[PDB]
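Below you'll find only one chain, the form deposited in one PDB entry, shown as structure tokens.
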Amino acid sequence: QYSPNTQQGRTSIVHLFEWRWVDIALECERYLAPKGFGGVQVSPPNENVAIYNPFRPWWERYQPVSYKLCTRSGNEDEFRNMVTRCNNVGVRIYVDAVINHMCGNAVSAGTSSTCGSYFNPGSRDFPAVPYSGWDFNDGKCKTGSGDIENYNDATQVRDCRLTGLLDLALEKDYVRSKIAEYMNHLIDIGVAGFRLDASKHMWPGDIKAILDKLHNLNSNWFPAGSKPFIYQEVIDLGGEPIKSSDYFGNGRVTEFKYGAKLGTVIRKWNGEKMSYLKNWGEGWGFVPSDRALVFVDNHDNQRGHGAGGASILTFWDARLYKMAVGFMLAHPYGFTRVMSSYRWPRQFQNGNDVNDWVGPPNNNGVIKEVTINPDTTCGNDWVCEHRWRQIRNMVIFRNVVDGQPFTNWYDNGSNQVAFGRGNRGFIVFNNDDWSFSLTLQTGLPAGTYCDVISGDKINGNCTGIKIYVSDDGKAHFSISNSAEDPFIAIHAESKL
């Protein structure tokens, strides 16, 4: 469960949040494959509640109605088309699996659902599965409200309703089997693995029992006996009784400390400085590298109400965000996920964004296509961070340096730092309030290298900065503190 099952040489996934299946399929072919992306995390592909107050929020997709592959992203045909087309160009699909719960207990009964299936939350009736009252934790939960009240009680966190979401009885073989049926449908279509949503709210042993029922990956694309990559969403910032290590038997875990701390560091908040990043990884109290799924922001915390609070960096903070993503992609710790977002009309009132519910760009609820602009950016309010040169080129950097050791660290005791990855790549940051101008040991072979942050190698030309590495491995770097992108990265495949 620990291996991503990406094609050899591909080392990241991108969350194409709320994208339509047809747009992901095209994106695999026209961009993700040639630019070396390992795979895509898709939004939940199973039928959910169509919530109209507020108007089609992103979070409706976290309230299942059935396991039909029928959503605002597309239908089953379109989902299958996408997985096939992506696998056929060596780009994998990872499904966001919403398996802790069905929908909110107070949602009105009817057919307000993305495939029109009937459901009745009040009577616990989801006939498109089918589930009934016997399949939920009403009896097992011990709180007065039936909802989770106290995260200091690890039992109620698992057995009671997360903000009123009907909590599936995951100890039951019937329920485990219906979930496995859904997941095996997806595996056989060709998915490479799963994000397990709300894993903190499930017992590690119930997750185990579900995973036990799963097929090996599709043998047209994956070697025999391949197992789905599993990354469990466990939000563990320390201090709580539930620890993400309790989930290591089942797969990797999301390391939410990663972006919270990195954001604080890059913002230079709480006395933090980039020079402290020398021992980044387990030294900062994180999970072992081989069990981490890391990221700067995710779809929830980029809205500010999330794990990491105000320190989280997002596309709204573009300049610092690129630096944080670049550091993450250069550093060997963890398996990296890049976010790809849409814009929405933020409106703050006492620090809270009252529009943080807004769903993807849409025409009266129909999701808008991702358009590609002549400069390779996206239109229709899709942010397409994964297309920003500085991020896409660092996804490639990570591929190029795969397996190479963290080495040749430099710091100035403040916020000017640099490091290499064996003899294959080197990166330099200036986050201080004065310029960086210094000759550093890069560990790289002599030559002229294109800086892949400011530009690209095209044939035998660079379109941005050139760095000149001498016979002894040393090169000069100049970075103004006022620089648009105050970091430089070079690697074996950017050498002229």
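One-based numbering along the sequence shown. Take the two forms, superpose them, and find the largest set of C-alpha atoms that agree within 1.5 Å; that set is the rigid core.
The same protein has a further form, the form deposited in another entry, not shown here; the description that follows concerns it.
Practice item. Of 78, 381, 246, 300, only one moves its C-alpha by 2 angstroms or more between the shown form and the other one once the rigid core is aligned, so tell me which. Key: With the rigid core superposed, the residue that stands out is 300.
Exercise for review: Align both forms on the core first, then report whether residue 54 has a C-alpha shift of 2 Å or more between the shown form and the other one.
Suggested key: Moves: yes, 2 Å or greater.
Exercise for review: Compare the position of the CA of residue 160 between the shown form and the other one after a rigid core fit and state whether the shift reaches 2 Å.
Suggested key: No, shifts by less than 2 Å.
**Study point:** residue 353 C-alpha shift between the shown form and the other one of 2 Å or more, rigid core reference
**Key:** Yes, residue 353 moves 2 Å or more.
Exercise for review: Based on a C-alpha change of 3 angstroms or more, tell me if residue 298 and residue 184 lie closer or farther in the other form than in the shown form.
Suggested key: Compared with the form shown here, the C-alpha atoms of residue 298 and residue 184 sit farther apart in the other form, by 3 Å or more.
Review point. Taking the shown form as reference, are the C-alpha positions of residue 300 and residue 162 brought closer or pushed farther apart in the other form, with a change of 3 Å or more?
Key: Compared with this form, residue 300 and residue 162 lie farther apart in the other form.
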